[PDB]
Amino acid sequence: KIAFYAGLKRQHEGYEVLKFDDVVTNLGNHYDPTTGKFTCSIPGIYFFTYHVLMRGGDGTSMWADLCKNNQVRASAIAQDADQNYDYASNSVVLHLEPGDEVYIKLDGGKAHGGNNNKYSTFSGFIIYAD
């Protein structure tokens, strides 16, 4: 039983990994809120989804890509000329081997720190085990 769901507390920017440290669910402790990465332990098929809210009132564009190890497996953008709140979200189904790391990487722009509202989220779970 592998499943996790965490939210983003603090604001982020640039090209850094998003540390979702508002952890709500973490069966097996395979997600690390100190690095914001999900480490695969059992080979198999996994679903991941992420929602990243852009910082409002400061900036027009923000990118958030889901990476496996050091390869982009999903890309997303939030854009608005009037600096409005908008979401960079995406979902993936991937096969993972032991040691594989899955995380959400910013690719430019500013993310919102939602404190306790859990605006920016990272969630996932194993569908099938090999």
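In this text, residue numbers run from 1 along the sequence as written.
Q | Of 36 to 44 and 88 to 96, the stretch whose C-alpha atoms average the higher B-factor in the entry | A | Higher of the two, by average CA B-factor, is 36 to 44.
Q) Comparing 56 to 64 with 99 to 107, which has the greater mean CA B-factor as deposited? A) The recorded data point to 99 to 107.
Q: Could you check 29, 75, 49, 83 and tell me which one carries the biggest Cα B-factor in the deposited entry?
A: Comparing C-alpha B-factors across 29, 75, 49, 83, the top value belongs to 29.
Q: Consider only the C-alpha atoms of the modelled residues in this chain, order them by B-factor as the entry records it, and name the third containing residue 25: lowest, middle or highest.
A: Its C-alpha B-factor belongs to the middle third of this chain's values.
Q: Looking at the entry's B-factor column for C-alpha atoms only, identify whether residue 117 ranks in the lowest, middle or highest third of its chain.
A: Ranked within chain, residue 117 CA B lands in the highest tercile.
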